[PDB]
Every structure is written in structure tokens, then in C-alpha cells.
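Below is work-v9.tsv, which holds TSV, C-alpha atoms and all ligand atoms.
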chain	number	residue	atom	x	y	z
Q	438	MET	CA	98.89	48.43	116.63
Q	439	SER	CA	102.69	48.45	116.37
Q	440	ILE	CA	104.72	50.02	113.54
Q	441	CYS	CA	108.25	49.25	112.31
Q	442	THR	CA	110.99	51.92	112.21
Q	443	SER	CA	112.77	53.41	109.19
Q	444	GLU	CA	116.03	51.59	110.04
Q	445	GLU	CA	114.24	48.20	110.18
Q	446	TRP	CA	112.54	48.07	106.76
Q	447	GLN	CA	115.37	49.88	104.94
Q	448	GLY	CA	117.75	47.38	106.55
Q	449	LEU	CA	115.50	44.62	105.20
Q	450	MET	CA	115.54	46.33	101.78
Q	451	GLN	CA	119.36	46.18	101.89
Q	452	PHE	CA	119.38	42.43	102.67
Q	453	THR	CA	120.61	39.72	100.31
Q	454	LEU	CA	120.30	35.98	100.98
Q	455	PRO	CA	123.43	33.77	101.11
Q	456	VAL	CA	123.88	31.58	98.01
Q	457	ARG	CA	123.98	28.24	99.88
Q	458	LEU	CA	120.52	28.80	101.41
Q	459	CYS	CA	118.79	29.23	98.03
Q	460	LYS	CA	118.98	25.48	97.32
Q	461	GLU	CA	118.03	24.54	100.90
Q	462	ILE	CA	115.04	26.94	101.28
Q	463	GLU	CA	113.39	24.98	98.42
Q	464	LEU	CA	113.18	21.79	100.46
Q	465	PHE	CA	110.32	20.75	102.76
Q	466	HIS	CA	112.64	19.79	105.64
Q	467	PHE	CA	114.36	23.20	105.75
Q	468	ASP	CA	114.69	24.54	109.31
Q	469	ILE	CA	114.82	28.35	109.67
Q	470	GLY	CA	116.11	27.97	113.26
Q	471	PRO	CA	119.82	28.78	112.73
Q	472	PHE	CA	119.16	32.04	110.80
Q	473	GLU	CA	117.04	34.33	112.98
Q	474	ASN	CA	118.41	37.61	111.55
Q	475	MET	CA	117.66	36.34	108.03
Q	476	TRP	CA	113.96	35.53	108.65
Q	477	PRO	CA	112.47	38.80	107.27
Q	478	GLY	CA	114.76	38.33	104.25
Q	479	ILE	CA	113.83	34.68	103.73
Q	480	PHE	CA	110.17	35.73	103.37
Q	481	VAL	CA	111.10	38.42	100.81
Q	482	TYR	CA	113.09	35.81	98.86
Q	483	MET	CA	110.20	33.33	98.95
Q	484	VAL	CA	107.75	36.02	97.77
Q	485	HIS	CA	110.15	37.10	94.98
Q	486	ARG	CA	110.77	33.52	93.76
Q	487	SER	CA	107.10	32.51	93.85
Q	488	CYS	CA	105.34	35.70	92.77
Q	489	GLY	CA	108.01	37.90	91.18
Q	490	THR	CA	110.26	40.83	92.11
Q	491	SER	CA	107.76	43.39	90.79
Q	492	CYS	CA	104.70	41.71	92.35
Q	493	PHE	CA	104.88	44.16	95.26
Q	494	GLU	CA	106.36	47.63	95.69
Q	495	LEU	CA	109.56	46.63	97.52
Q	496	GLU	CA	109.38	49.50	100.06
Q	497	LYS	CA	105.80	48.59	100.98
Q	498	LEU	CA	106.57	44.87	101.25
Q	499	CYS	CA	109.44	45.63	103.68
Q	500	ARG	CA	107.34	48.01	105.78
Q	501	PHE	CA	104.66	45.28	105.87
Q	502	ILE	CA	106.98	42.39	106.88
Q	503	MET	CA	108.80	44.33	109.63
Q	504	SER	CA	105.55	45.67	111.11
Q	505	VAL	CA	104.03	42.18	111.03
Q	506	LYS	CA	107.08	41.04	113.01
Q	507	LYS	CA	106.35	43.67	115.68
Q	508	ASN	CA	102.77	42.51	116.22
Q	509	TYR	CA	103.80	38.97	117.06
Q	510	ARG	CA	104.17	38.61	120.83
Q	511	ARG	CA	107.17	37.37	122.85
Q	512	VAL	CA	105.51	34.05	123.67
Q	513	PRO	CA	106.97	30.49	123.75
Q	514	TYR	CA	105.36	29.05	120.58
Q	515	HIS	CA	102.81	31.27	118.79
Q	516	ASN	CA	105.45	33.81	117.81
Q	517	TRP	CA	107.37	35.39	114.91
Q	518	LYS	CA	109.47	32.21	114.36
Q	519	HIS	CA	106.33	30.10	114.00
Q	520	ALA	CA	104.94	32.64	111.51
Q	521	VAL	CA	107.99	32.34	109.24
Q	522	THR	CA	108.14	28.54	109.66
Q	523	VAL	CA	104.51	28.20	108.50
Q	524	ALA	CA	105.14	30.56	105.53
Q	525	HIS	CA	108.16	28.55	104.37
Q	526	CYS	CA	106.12	25.36	104.42
Q	527	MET	CA	103.51	27.08	102.20
Q	528	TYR	CA	106.31	28.17	99.86
Q	529	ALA	CA	107.50	24.56	99.64
Q	530	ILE	CA	103.96	23.34	98.85
Q	531	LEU	CA	103.37	26.13	96.31
Q	532	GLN	CA	106.70	25.66	94.46
Q	533	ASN	CA	105.92	21.93	94.18
Q	534	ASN	CA	102.34	22.64	92.97
Q	535	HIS	CA	102.91	26.01	91.31
Q	536	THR	CA	100.42	25.96	88.41
Q	537	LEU	CA	97.56	24.49	90.45
Q	538	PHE	CA	97.32	27.95	92.00
Q	539	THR	CA	96.75	31.40	90.50
Q	540	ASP	CA	99.18	34.28	91.07
Q	541	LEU	CA	96.63	35.85	93.40
Q	542	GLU	CA	96.31	32.68	95.50
Q	543	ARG	CA	100.09	32.31	95.83
Q	544	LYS	CA	100.46	35.96	96.91
Q	545	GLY	CA	97.52	35.63	99.26
Q	546	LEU	CA	98.53	32.37	100.94
Q	547	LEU	CA	102.13	33.41	101.61
Q	548	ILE	CA	100.92	36.62	103.26
Q	549	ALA	CA	98.14	34.73	105.07
Q	550	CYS	CA	100.65	32.19	106.41
Q	551	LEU	CA	102.95	34.95	107.73
Q	552	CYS	CA	99.99	36.72	109.37
Q	553	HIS	CA	97.88	33.77	110.51
Q	554	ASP	CA	98.70	34.03	114.26
Q	555	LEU	CA	99.15	37.83	114.56
Q	556	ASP	CA	98.86	39.17	118.14
Q	557	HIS	CA	98.49	35.65	119.61
Q	558	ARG	CA	98.46	35.62	123.43
Q	559	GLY	CA	99.11	31.91	123.98
Q	560	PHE	CA	95.52	31.20	125.01
Q	561	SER	CA	93.02	28.96	123.23
Q	562	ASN	CA	89.58	29.88	121.85
Q	563	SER	CA	88.04	27.51	124.45
Q	564	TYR	CA	89.62	29.67	127.16
Q	565	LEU	CA	88.36	33.04	125.87
Q	566	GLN	CA	84.86	31.63	125.28
Q	567	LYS	CA	84.64	30.44	128.91
Q	568	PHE	CA	85.98	33.66	130.49
Q	569	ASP	CA	84.64	36.53	128.29
Q	570	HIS	CA	86.70	38.72	127.71
Q	571	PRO	CA	85.81	40.94	124.69
Q	572	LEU	CA	87.45	38.84	121.93
Q	573	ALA	CA	84.91	36.03	122.34
Q	574	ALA	CA	82.12	38.65	122.40
Q	575	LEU	CA	83.21	40.22	119.10
Q	576	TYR	CA	84.10	36.84	117.58
Q	577	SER	CA	81.70	34.28	119.06
Q	578	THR	CA	83.28	31.47	117.08
Q	579	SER	CA	86.76	30.86	115.89
Q	580	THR	CA	87.78	33.57	117.61
Q	581	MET	CA	91.51	34.28	117.70
Q	582	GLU	CA	91.57	33.50	113.95
Q	583	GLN	CA	89.00	36.23	113.33
Q	584	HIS	CA	91.28	38.48	115.40
Q	585	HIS	CA	94.39	37.54	113.38
Q	586	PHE	CA	92.67	38.57	110.13
Q	587	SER	CA	91.49	41.83	111.66
Q	588	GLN	CA	95.14	42.44	112.63
Q	589	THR	CA	96.30	41.67	109.07
Q	590	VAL	CA	93.93	44.28	107.59
Q	591	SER	CA	94.95	46.84	110.25
Q	592	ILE	CA	98.62	46.42	109.25
Q	593	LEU	CA	97.70	46.82	105.57
Q	594	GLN	CA	95.91	50.06	106.49
Q	595	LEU	CA	99.13	51.65	107.82
Q	596	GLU	CA	100.84	54.25	105.60
Q	597	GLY	CA	102.96	52.64	102.88
Q	598	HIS	CA	102.00	49.14	104.06
Q	599	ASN	CA	99.30	48.25	101.53
Q	600	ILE	CA	101.05	45.75	99.26
Q	601	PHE	CA	97.76	44.86	97.53
Q	602	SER	CA	96.80	48.42	96.50
Q	603	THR	CA	97.97	48.07	92.89
Q	604	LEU	CA	95.51	45.20	92.36
Q	605	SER	CA	92.14	45.87	90.71
Q	606	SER	CA	89.28	46.47	93.17
Q	607	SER	CA	88.04	43.02	92.14
Q	608	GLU	CA	91.42	41.34	92.71
Q	609	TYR	CA	91.90	43.28	95.95
Q	610	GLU	CA	88.66	41.94	97.45
Q	611	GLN	CA	89.44	38.44	96.11
Q	612	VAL	CA	92.89	38.32	97.74
Q	613	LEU	CA	91.48	39.61	101.05
Q	614	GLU	CA	88.88	36.80	100.87
Q	615	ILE	CA	91.57	34.24	100.03
Q	616	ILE	CA	93.42	35.50	103.11
Q	617	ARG	CA	90.36	35.58	105.38
Q	618	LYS	CA	89.34	31.99	104.55
Q	619	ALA	CA	92.97	30.79	104.89
Q	620	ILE	CA	93.44	32.32	108.35
Q	621	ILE	CA	90.03	31.09	109.61
Q	622	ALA	CA	90.99	27.60	108.41
Q	623	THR	CA	93.89	27.53	110.93
Q	624	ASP	CA	91.24	27.12	113.61
Q	625	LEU	CA	91.92	23.43	114.27
Q	626	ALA	CA	88.26	23.02	115.28
Q	627	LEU	CA	87.39	23.38	111.58
Q	628	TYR	CA	90.15	21.05	110.33
Q	629	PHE	CA	88.41	17.83	111.42
Q	630	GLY	CA	85.26	18.39	109.35
Q	631	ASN	CA	87.33	19.71	106.45
Q	632	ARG	CA	89.64	16.68	106.16
Q	633	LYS	CA	86.63	14.32	106.31
Q	634	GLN	CA	84.92	16.15	103.43
Q	635	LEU	CA	88.09	16.10	101.32
Q	636	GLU	CA	88.63	12.41	102.13
Q	637	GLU	CA	85.06	11.74	100.99
Q	638	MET	CA	85.53	13.85	97.83
Q	639	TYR	CA	88.82	12.17	96.88
Q	640	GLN	CA	87.57	8.67	97.69
Q	641	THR	CA	84.35	9.10	95.67
Q	642	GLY	CA	86.10	10.88	92.77
Q	643	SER	CA	84.11	14.08	93.27
Q	644	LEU	CA	87.04	16.38	94.02
Q	645	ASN	CA	87.21	19.18	91.45
Q	646	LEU	CA	89.75	21.98	91.88
Q	647	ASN	CA	87.76	24.18	89.46
Q	648	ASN	CA	84.92	24.00	92.03
Q	649	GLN	CA	85.47	27.00	94.34
Q	650	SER	CA	84.01	25.28	97.43
Q	651	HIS	CA	86.27	22.24	96.82
Q	652	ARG	CA	89.13	24.65	96.16
Q	653	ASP	CA	88.57	26.49	99.45
Q	654	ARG	CA	88.68	23.15	101.27
Q	655	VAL	CA	91.98	22.15	99.60
Q	656	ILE	CA	93.53	25.51	100.56
Q	657	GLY	CA	92.19	24.90	104.09
Q	658	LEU	CA	94.00	21.58	104.42
Q	659	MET	CA	97.13	23.27	103.07
Q	660	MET	CA	96.80	25.82	105.88
Q	661	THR	CA	96.54	23.07	108.55
Q	662	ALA	CA	99.57	21.25	107.11
Q	663	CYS	CA	101.72	24.40	107.19
Q	664	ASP	CA	100.47	25.32	110.67
Q	665	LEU	CA	101.40	21.85	111.97
Q	666	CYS	CA	104.74	21.54	110.11
Q	667	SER	CA	107.04	21.57	113.18
Q	668	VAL	CA	105.99	17.90	113.41
Q	669	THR	CA	107.72	17.38	110.04
Q	670	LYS	CA	111.16	18.74	111.07
Q	671	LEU	CA	114.08	16.71	112.43
Q	672	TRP	CA	113.45	15.01	115.79
Q	673	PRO	CA	115.62	17.35	117.94
Q	674	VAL	CA	113.87	20.42	116.45
Q	675	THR	CA	110.41	18.84	116.74
Q	676	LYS	CA	111.15	17.82	120.35
Q	677	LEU	CA	112.18	21.35	121.39
Q	678	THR	CA	109.13	22.87	119.65
Q	679	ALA	CA	106.77	20.58	121.61
Q	680	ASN	CA	108.31	22.04	124.79
Q	681	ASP	CA	107.41	25.58	123.67
Q	682	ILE	CA	103.88	24.44	122.80
Q	683	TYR	CA	103.33	22.94	126.27
Q	684	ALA	CA	104.91	25.99	127.94
Q	685	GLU	CA	101.89	27.82	126.51
Q	686	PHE	CA	99.33	25.12	127.42
Q	687	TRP	CA	100.54	25.10	131.05
Q	688	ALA	CA	100.22	28.88	131.53
Q	689	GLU	CA	96.55	28.59	130.47
Q	690	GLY	CA	96.12	25.69	132.90
Q	691	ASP	CA	97.72	27.83	135.61
Q	692	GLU	CA	95.11	30.53	134.97
Q	693	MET	CA	92.31	27.96	135.11
Q	694	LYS	CA	93.68	27.02	138.57
Q	695	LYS	CA	94.64	30.64	139.44
Q	696	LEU	CA	90.95	31.47	138.95
Q	697	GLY	CA	89.54	28.13	140.19
Q	698	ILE	CA	89.06	25.47	137.47
Q	699	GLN	CA	90.64	22.01	136.94
Q	700	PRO	CA	92.31	21.94	133.49
Q	701	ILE	CA	92.64	18.97	131.14
Q	702	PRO	CA	95.94	16.99	131.48
Q	703	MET	CA	97.37	18.72	128.37
Q	704	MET	CA	97.34	22.10	130.10
Q	705	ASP	CA	98.37	20.77	133.54
Q	706	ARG	CA	102.07	21.22	134.28
Q	707	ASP	CA	101.74	18.69	137.12
Q	708	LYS	CA	101.01	16.12	134.41
Q	709	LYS	CA	104.13	16.25	132.16
Q	710	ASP	CA	104.28	12.44	132.41
Q	711	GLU	CA	101.29	12.11	130.04
Q	712	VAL	CA	102.79	14.31	127.29
Q	713	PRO	CA	104.46	11.59	125.16
Q	714	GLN	CA	101.12	9.72	125.11
Q	715	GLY	CA	99.29	12.96	124.21
Q	716	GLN	CA	101.64	13.71	121.30
Q	717	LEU	CA	101.12	10.17	119.99
Q	718	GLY	CA	97.34	10.73	120.15
Q	719	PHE	CA	97.77	14.05	118.33
Q	720	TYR	CA	99.80	12.44	115.52
Q	721	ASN	CA	97.43	9.49	115.19
Q	722	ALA	CA	94.24	11.59	115.20
Q	723	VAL	CA	95.35	14.95	113.72
Q	724	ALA	CA	98.77	15.14	112.01
Q	725	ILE	CA	99.06	11.74	110.25
Q	726	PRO	CA	95.58	11.86	108.64
Q	727	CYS	CA	96.21	15.50	107.61
Q	728	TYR	CA	99.44	14.85	105.66
Q	729	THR	CA	97.94	11.60	104.33
Q	730	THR	CA	94.95	13.40	102.78
Q	731	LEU	CA	97.18	16.24	101.57
Q	732	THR	CA	99.53	13.74	99.88
Q	733	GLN	CA	96.47	12.13	98.28
Q	734	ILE	CA	95.38	15.49	96.86
Q	735	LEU	CA	98.82	17.02	96.18
Q	736	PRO	CA	101.27	14.11	95.59
Q	737	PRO	CA	104.43	16.29	95.69
Q	738	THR	CA	103.71	16.88	99.42
Q	739	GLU	CA	104.60	13.28	100.36
Q	740	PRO	CA	107.87	14.16	102.19
Q	741	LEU	CA	105.82	16.06	104.79
Q	742	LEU	CA	103.98	12.81	105.51
Q	743	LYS	CA	107.19	10.76	105.75
Q	744	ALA	CA	108.81	13.29	108.09
Q	745	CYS	CA	105.66	13.19	110.24
Q	746	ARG	CA	105.80	9.38	110.27
Q	747	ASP	CA	109.44	9.47	111.42
Q	748	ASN	CA	108.54	11.75	114.34
Q	749	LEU	CA	105.58	9.55	115.36
Q	750	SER	CA	108.02	6.62	115.54
Q	751	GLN	CA	110.21	8.77	117.81
Q	752	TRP	CA	107.27	9.33	120.17
Q	753	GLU	CA	106.52	5.60	120.23
Q	754	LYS	CA	110.14	5.03	121.28
Q	755	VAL	CA	109.85	7.57	124.12
Q	756	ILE	CA	106.63	5.96	125.40
Q	757	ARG	CA	108.17	2.46	125.47
Q	758	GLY	CA	111.36	3.60	127.25
Q	759	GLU	CA	113.87	3.43	124.36
G	1	LIG	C1	94.63	21.00	121.44
G	1	LIG	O1	95.63	21.56	120.60
G	1	LIG	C2	96.81	20.89	120.41
G	1	LIG	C3	97.29	19.73	121.04
G	1	LIG	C4	98.55	19.19	120.69
G	1	LIG	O2	99.13	18.06	121.24
G	1	LIG	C5	98.33	17.12	121.97
G	1	LIG	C6	99.33	19.83	119.70
G	1	LIG	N1	100.60	19.29	119.36
G	1	LIG	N2	101.29	19.86	118.47
G	1	LIG	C7	100.88	20.98	117.83
G	1	LIG	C8	101.47	21.75	116.85
G	1	LIG	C9	102.77	21.56	116.19
G	1	LIG	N3	100.65	22.80	116.52
G	1	LIG	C10	99.57	22.69	117.27
G	1	LIG	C11	98.47	23.65	117.19
G	1	LIG	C12	97.68	23.76	116.03
G	1	LIG	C13	96.63	24.69	115.97
G	1	LIG	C14	96.36	25.52	117.06
G	1	LIG	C15	97.14	25.43	118.22
G	1	LIG	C16	98.19	24.50	118.28
G	1	LIG	CL1	99.15	24.39	119.73
G	1	LIG	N4	99.67	21.58	118.10
G	1	LIG	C17	98.84	21.00	119.08
G	1	LIG	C18	97.59	21.52	119.43
G	2	MG	MG	96.46	29.89	115.09
G	3	ZN	ZN	99.72	28.79	113.87

Please express the file's structure as C-alpha cells.
Amino acid sequence: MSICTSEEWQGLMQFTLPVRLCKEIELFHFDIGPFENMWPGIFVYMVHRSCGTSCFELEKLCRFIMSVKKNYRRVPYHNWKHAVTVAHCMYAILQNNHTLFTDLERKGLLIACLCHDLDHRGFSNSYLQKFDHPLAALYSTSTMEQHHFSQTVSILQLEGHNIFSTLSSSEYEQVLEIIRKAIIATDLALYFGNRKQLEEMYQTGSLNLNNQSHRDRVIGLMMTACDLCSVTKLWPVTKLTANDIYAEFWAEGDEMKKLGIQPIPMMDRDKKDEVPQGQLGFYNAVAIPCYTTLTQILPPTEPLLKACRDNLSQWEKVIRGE
């Protein structure tokens, strides 16, 4: 477990956001890319605008954010930048659906989003389950996500890091549970069943946000949408992100070879040719249906769908030579 320094969180405390960004950070298409130094501060701003300036003890919030940063690993995709990107997407969804969600949910989900990939190594659950490895022993299913939550709680248990302490014991356990379910939901394995249920519920007319089980599903699909949102950015950003994603997939393939196994095309660096086709399959089977269902449930989320559609069209162009 890694801790931030005095200079880091106090520096973050000192930070103010540039005026121009305030309007832009509100939009779904906002790309955090050009503002690396401002990422810790962008999260603070988002938390302050959604939840309130007095929602958390400022010192504790800053200690929390900077320490979270330090427990994201220097990997190609599943890193600190991804964490902030996902959180911003959540902010955009929340702001556009503000009253559908309690203060506790909004606090929980923003923190969950920032923490949802903590200590990621760049390896899949499928990998750890085949080559145990303690993490698959401790968490038989779903496996890194269980680990990410454990990491979240560990950070909260550091001195002056517990941003939820001022909540009632009831609200404290609730928010932890909101956070646990949200992080677990970012296991893409679980997404497929979840979207099908929600599709059924919305089609039939059964969907009821006052129903906790329904509610948990809706939050789940929100988690997938945020986790996938690099497919909703501008083409040149989306393109570069895909390269970081495959950089990770190929290292895992290398290990499968490096220890004698033949990996699927996706994780085989000798099969880059098949990538455009793979990304099209991913959009058609994962991303498009996800933002479709989300738009059906939360109509203000429609520009995520359109941005995803635009990027699909860009993959179709690649495939056919244009
Ligand atoms: C099998 O996992 C894939 C395959 C993709 O393209 C074919 C993927 N293509 N794009 C992805 C993005 C933006 N985010 C993810 C992702 C989501 C949850 C967990 C891990 C990742 Cl990398 N993926 C993919 C995930
Ligand atoms: Mg994850
Ligand atoms: Zn993620």
C-alpha cells in the first residue's frame, strides 16, 4: 500500500481550475488528455460541483485522491488516466440525471469510478484463474474487481484518508456497499447478463428505479458505460487508446507463449492485422448495445451513443481500406 506525501495533497489543496475548463468539463465529449497536471484537481472540482464543497473534509479528500493516484500502476491502459477518464464520464451522467440519484449514490459512484481499477497489473481475470496465483484463490470469481475494492478500503483505512467517516454508521455501510457493487459491475463478464435483464425490464415496462435490485442493475450499466467511454471520444483519441489497450493484451499473450500456451488473436501481437475486425465486433456486441440500453433508461446519455456510433463508422472505414 502506497501513501502520498505532504507536498502532494497540500499542493492539490492549493489548486484552482481554469475558468474555461468549467464549461467544457460538463460535456460528455470532454477529453482530459491535454491537462495531466490538472487531473487530481478536476476530480476535486467534479466532487465539489456534484456533492458540495463541505461534503468531504478537504484535507482528507486530497490525501485520498493523491494516494489513490499512487496505487495505480505505470501500465499502458489500466492506469491513473483511465481512472480519471471513467470518473469524468460518471460526473457527466450524474449531472445530466442528478435527482435520479441520492447524495450518497453520487458520492459513492464518483469515488468508485476513480478507484475501480486500483492496482491493476494489465492481466485479465481469465489469466489469473488459469495460472493461480493467489488473487484467483482469494477471489475465485471476478477477481481483479474484488481486489480493486479491497484496495479502495485499504486506502480509506490510512490516517486522514477516511472521507466517509462523518457519515452515520448506516450511511457508511451503505456507501461502501454502493461502491462494492459498482466496482464488481466493471467485471465485463457480468455486463452481458446485466444489459439483457435491463433490456427485458425496459421492454416489458417492469423497470422500477425505486426497486433496489433494478436500481443496482441501472448503476451497473452506468459503470460499464463509464468504463468503456474511451470509445465515445474523438477518433484520434479513441484510436490511440485502443493501442494502449492492445499493448496490455499482447503482454499477456506473450506470457501465455513465454510459459507455453497459444493465446487468442486479441492477445497475439503477431496478429495485429485482425484488430480492426476485433474492434468492430466489440462495438457491435458490447459497446453499441450498452449505450443503446443506457440511452433507453437515461435519455440524457444519448450523446455517448452517438459518439460511439461515429467511432464504429471509423472502424468500418479502416476495415474497408478508406
Ligand atoms: C476482452 O476484453 C476486451 C476486448 C476489446 O476489444 C476487442 C476491448 N476494446 N475496447 C475496450 C475498452 C475501451 N475497454 C475495454 C475493457 C473493458 C473492461 C475490462 C477490460 C477492458 Cl480492456 N475494452 C475491451 C476489452
Ligand atoms: Mg476493471
Ligand atoms: Zn476500467

Expressed in Å to a single decimal, how great is the separation between CA of residue 718 (chain Q) and CA of residue 510 (chain Q)?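 Rounded to one decimal, the two atoms are 28.7 Å apart.
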
Write out, as a Markdown table, each residue of region 518-563 of chain Q that has an atom at most 12 Å from region 464-476 of chain Q, together with the closest pair of atoms and their distance in Å to one decimal, counting all atoms listed in the file, rows going by chain and rising number.
| residue | atom | partner | partner_atom | distance |
| --- | --- | --- | --- | --- |
| Q:518 | CA | Q:470 | CA | 8.0 |
| Q:519 | CA | Q:469 | CA | 9.7 |
| Q:520 | CA | Q:476 | CA | 9.9 |
| Q:521 | CA | Q:476 | CA | 6.8 |
| Q:522 | CA | Q:469 | CA | 6.7 |
| Q:523 | CA | Q:469 | CA | 10.4 |
| Q:524 | CA | Q:476 | CA | 10.6 |
| Q:525 | CA | Q:465 | CA | 8.3 |
| Q:526 | CA | Q:465 | CA | 6.5 |
| Q:527 | CA | Q:465 | CA | 9.3 |
| Q:528 | CA | Q:465 | CA | 8.9 |
| Q:529 | CA | Q:465 | CA | 5.7 |
| Q:530 | CA | Q:465 | CA | 7.9 |
| Q:531 | CA | Q:465 | CA | 10.9 |
| Q:532 | CA | Q:464 | CA | 9.6 |
| Q:533 | CA | Q:464 | CA | 9.6 |
| Q:551 | CA | Q:476 | CA | 11.1 |

Identify which of the residues Q:633, Q:694, Q:557, Q:706 lies closest to ligand LIG 1 (chain G), counting only C-alpha atoms and all ligand atoms when measuring atom-to-atom distances.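 Under the stated criterion, the closest residue is Q:557.
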
When the cut-off is 10 Å and you count only C-alpha atoms and all ligand atoms, which residues lie near ligand MG 2 (chain G), shown as a list in words?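 Based on only C-alpha atoms and all ligand atoms, ligand MG 2 (chain G) is surrounded within 10 Å by residues 515, 519, 520, 550, 552, 553, 554, 555, 557, 559, 561, 562, 579, 580, 581, 582, 583, 585, 620, 621, 622, 623, 624, 625, 661, 664 and 665 of chain Q.
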
Considering all atoms listed in the file, tabulate each residue of chain Q that lies at most 10 Å from ligand LIG 1 (chain G) along with its nearest interatomic pair and the corresponding distance in Å to one decimal; arrange the rows by chain and ascending residue number and present them as a Markdown table.
| residue | atom | partner | partner_atom | distance |
| --- | --- | --- | --- | --- |
| Q:514 | CA | G:LIG1 | CL1 | 7.8 |
| Q:515 | CA | G:LIG1 | CL1 | 7.8 |
| Q:519 | CA | G:LIG1 | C9 | 9.5 |
| Q:554 | CA | G:LIG1 | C14 | 9.3 |
| Q:559 | CA | G:LIG1 | CL1 | 8.6 |
| Q:560 | CA | G:LIG1 | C15 | 9.1 |
| Q:561 | CA | G:LIG1 | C15 | 7.4 |
| Q:562 | CA | G:LIG1 | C14 | 9.4 |
| Q:563 | CA | G:LIG1 | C1 | 9.7 |
| Q:582 | CA | G:LIG1 | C14 | 9.8 |
| Q:622 | CA | G:LIG1 | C13 | 9.9 |
| Q:623 | CA | G:LIG1 | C13 | 6.4 |
| Q:624 | CA | G:LIG1 | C13 | 6.4 |
| Q:625 | CA | G:LIG1 | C13 | 5.2 |
| Q:626 | CA | G:LIG1 | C13 | 8.6 |
| Q:628 | CA | G:LIG1 | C13 | 9.3 |
| Q:661 | CA | G:LIG1 | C13 | 7.6 |
| Q:662 | CA | G:LIG1 | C12 | 9.5 |
| Q:663 | CA | G:LIG1 | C9 | 9.5 |
| Q:664 | CA | G:LIG1 | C12 | 6.2 |
| Q:665 | CA | G:LIG1 | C9 | 4.4 |
| Q:666 | CA | G:LIG1 | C9 | 6.4 |
| Q:667 | CA | G:LIG1 | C9 | 5.2 |
| Q:668 | CA | G:LIG1 | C9 | 5.6 |
| Q:669 | CA | G:LIG1 | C9 | 8.9 |
| Q:675 | CA | G:LIG1 | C9 | 8.1 |
| Q:678 | CA | G:LIG1 | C9 | 7.4 |
| Q:679 | CA | G:LIG1 | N2 | 6.4 |
| Q:680 | CA | G:LIG1 | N2 | 9.7 |
| Q:681 | CA | G:LIG1 | CL1 | 9.2 |
| Q:682 | CA | G:LIG1 | CL1 | 5.6 |
| Q:683 | CA | G:LIG1 | CL1 | 7.9 |
| Q:685 | CA | G:LIG1 | CL1 | 8.1 |
| Q:686 | CA | G:LIG1 | CL1 | 7.7 |
| Q:702 | CA | G:LIG1 | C5 | 9.8 |
| Q:703 | CA | G:LIG1 | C5 | 6.7 |
| Q:704 | CA | G:LIG1 | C1 | 9.1 |
| Q:711 | CA | G:LIG1 | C5 | 9.9 |
| Q:712 | CA | G:LIG1 | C5 | 7.5 |
| Q:713 | CA | G:LIG1 | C5 | 8.9 |
| Q:714 | CA | G:LIG1 | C5 | 8.5 |
| Q:715 | CA | G:LIG1 | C5 | 4.8 |
| Q:716 | CA | G:LIG1 | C5 | 4.8 |
| Q:717 | CA | G:LIG1 | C5 | 7.7 |
| Q:718 | CA | G:LIG1 | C5 | 6.7 |
| Q:719 | CA | G:LIG1 | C5 | 4.8 |
| Q:720 | CA | G:LIG1 | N1 | 7.9 |
| Q:722 | CA | G:LIG1 | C5 | 9.7 |
| Q:723 | CA | G:LIG1 | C6 | 8.7 |
| Q:724 | CA | G:LIG1 | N2 | 8.4 |

Please return, as number ranges by chain, all polymer residues that have at least one atom within 10 Å of the point (92.8, 34.2, 133.8); use only C-alpha atoms and the file's own coordinate frame. Q: 560, 564-565, 568, 570, 688-697

Shortest interatomic distance to ligand ZN 3 (chain G) - which of Q:542, Q:461, Q:610, Q:556, counting all atoms listed in the file: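 That would be Q:556, the residue with the smallest distance to ligand ZN 3 (chain G).
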
Provide the CA of residue 498 (chain Q) to CA of residue 442 (chain Q) distance in Å, to one decimal place.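 Value for the CA of residue 498 (chain Q)-CA of residue 442 (chain Q) distance: 13.8 Å.
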
Find the residues with any atom within 7 Å of (102.2, 46.6, 108.6); use only C-alpha atoms and the coordinates as given in the file, and write the answer as a PyMOL selection string. chain Q and resi 440+500-502+504-505+592-593+595+598

Work out how far CA of residue 649 (chain Q) is from CA of residue 481 (chain Q), in Å to one decimal.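 Atom-to-atom, CA of residue 481 (chain Q) to CA of residue 649 (chain Q), that is 28.8 Å.
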
Across Q:594, Q:516, Q:602, Q:607, the smallest distance to ligand ZN 3 (chain G), with all atoms listed in the file counted, is shown by Q:516

Can you pull out the residues contacting region 611-618 of chain Q? Cut-off 8 Å, using all atoms listed in the file, and skip same-chain residues under 4 positions away; I want them as a compact mmCIF listing (two decimals) with C-alpha atoms, in the coordinates of the input.
# COMPACT_ATOMS: atom_id res chain seq x y z
CA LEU Q 541 96.63 35.85 93.40
CA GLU Q 542 96.31 32.68 95.50
CA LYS Q 544 100.46 35.96 96.91
CA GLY Q 545 97.52 35.63 99.26
CA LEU Q 546 98.53 32.37 100.94
CA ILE Q 548 100.92 36.62 103.26
CA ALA Q 549 98.14 34.73 105.07
CA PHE Q 586 92.67 38.57 110.13
CA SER Q 607 88.04 43.02 92.14
CA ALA Q 622 90.99 27.60 108.41
CA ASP Q 653 88.57 26.49 99.45
CA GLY Q 657 92.19 24.90 104.09

As AutoDock Vina command-line options: centre and edge lengths in Å, one decimal, of the axis-aligned box holding region 639-654 of chain Q with 5 Å per side:
--center_x 86.9 --center_y 17.8 --center_z 95.4 --size_x 15.7 --size_y 28.3 --size_z 21.8

Calculated over only C-alpha atoms and all ligand atoms, which of the candidates Q:660, Q:534, Q:584, Q:487 has the smallest distance to ligand ZN 3 (chain G)? Q:660

Counting only C-alpha atoms, what is within 8 Å of residue 632 (chain Q), bar same-chain residues fewer than 4 positions away, as a PyMOL selection string? chain Q and resi 628+636+658+727+730

Write a file of the just-selected residues containing C-alpha atoms, as a PDB file, in the coordinates of the input.
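The resulting file, again.pdb, is reproduced below:
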ATOM      1  CA  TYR Q 628      90.150  21.050 110.330  1.00  0.00           C
ATOM      2  CA  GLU Q 636      88.630  12.410 102.130  1.00  0.00           C
ATOM      3  CA  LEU Q 658      94.000  21.580 104.420  1.00  0.00           C
ATOM      4  CA  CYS Q 727      96.210  15.500 107.610  1.00  0.00           C
ATOM      5  CA  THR Q 730      94.950  13.400 102.780  1.00  0.00           C
TER       6      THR Q 730
END

Taking into account all atoms listed in the file, which residue in the set Q:659, Q:741, Q:462, Q:503 is nearest to residue 443 (chain Q)? Q:503

Hey, which of Q:619, Q:484, Q:575, Q:495 ends up closest to ligand ZN 3 (chain G)? Count all atoms listed in the file.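 Selected residue with least distance to ligand ZN 3 (chain G): Q:619.
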